[PDB]
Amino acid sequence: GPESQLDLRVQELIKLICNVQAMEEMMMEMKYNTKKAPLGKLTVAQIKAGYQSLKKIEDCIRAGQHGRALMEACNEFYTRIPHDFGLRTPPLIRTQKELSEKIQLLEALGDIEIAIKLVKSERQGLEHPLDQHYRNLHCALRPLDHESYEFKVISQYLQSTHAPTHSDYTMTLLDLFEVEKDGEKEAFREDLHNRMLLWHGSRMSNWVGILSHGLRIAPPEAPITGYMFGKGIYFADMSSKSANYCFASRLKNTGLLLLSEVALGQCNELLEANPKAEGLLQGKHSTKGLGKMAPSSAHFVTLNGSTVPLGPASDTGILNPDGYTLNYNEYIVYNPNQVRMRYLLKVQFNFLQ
């Protein structure tokens, strides 16, 4: 009956992130089974078991047990987390990247279970359904105007920090929302210095969970080696580096990027990955993974109290002698109270070919 009371741009955002059918299609692309394991009846416990099975696998990988041991651990994961490979013979997880794949799958399942719950919630017919979904986020989203000063600056942040080795696409900013998640400013470590406005990209299936529950710490059951710098919340200062984690396609060229205030405090700087980076803090507040190019310094503005690392980017003269060197920086915090969500960008990806 009742007409939406939401701004239209917010109505389109809600419609886009609460699209269960699109999640269904995103999981199907990660080789998952949407009917045998219907997202409508996902539970935390199915996902917890998921993590547990990935831990057994990590154990085999750490022991070099790539025979029967690993074969059975992978089958238990594929049983608790139903996959649909049709005729293909379900493959072994042995590499870090294969492992990382599964973790990203469980994170999306977790955020999809949050989303499903919310969209099925009550169904009070006093308010438009968009309106209900938006209240249930407990997260304010305010459409800023194309002319607005904020749009100007974030546009420049997005374009100015597009990395040159991500030449497979450009990005156009369609819309910009101010985010105010209930409780985040109250929780936030305003005491800590070195507060930066940084990027976070995720699959389109995770935004309801991200906006409703915040960026979360990975559960204890998950394998530590899933995480290059441990179980924390990961941000970049380069737009495209985050944007790659949106997993946008030529057919699905619309994604979302997040800007958050991040209370870095004192960074523990690392050159190479280390899943156990969190124990190496010793009083420091964050991990910084160090890359070859990063925004300058001289272009850094500020915005409601956070330093926006605008570009152009520049060589940092960083290089790792004995192993891999990250192309771009990477920042990890190990507590949600070091994150305050600020903006949500609606972004068109324009793929070269």
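Basically, rigid core = biggest C-alpha set you can superpose within 1.5 Å across the two forms. Position 1 is the first residue in the sequence shown; the rest follow in order.
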Practice problem: Name the stretch that deviates more in 4 other deposited structures of this protein: 286-294, or 63-71? Use RMS CA distance to the shown form, core superposed. | Solution: 63-71
Self-check item: Farther-lying stretch by C-alpha RMS in 4 other deposited structures of this protein, rigid core as reference, of 90-98 and 188-196
Solution: 90-98
Exercise. Give the stretch, out of 207-215 and 160-168, with the larger mean C-alpha temperature factor in the deposited entry.
Key: 160-168
Self-check item: Higher-scoring stretch by recorded Cα B factor average, 20-28 or 332-340
Solution: 20-28
Quiz item: Looking at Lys241, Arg88, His138, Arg189, which has the highest CA B-factor as recorded?
Solution: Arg88
Practice problem: Report the third (lowest, middle or highest) to which the CA temperature factor of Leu270 belongs, ranking only the modelled residues of the same chain. | Solution: highest
Quiz prompt | Third assignment of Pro143 from its chain's C-alpha B-factors | solution = middle
Quiz item: Which third of the chain does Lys231 land in by C-alpha B-factor: lowest, middle or highest?
Solution: lowest
Quiz item: By its CA B factor, does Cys60 count among the lowest, middle or highest third of the modelled residues in the chain?
Solution: lowest
Exercise. State the tercile, meaning the lowest, middle or highest third, of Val347 with respect to the CA B-factors recorded for its chain.
Key: lowest
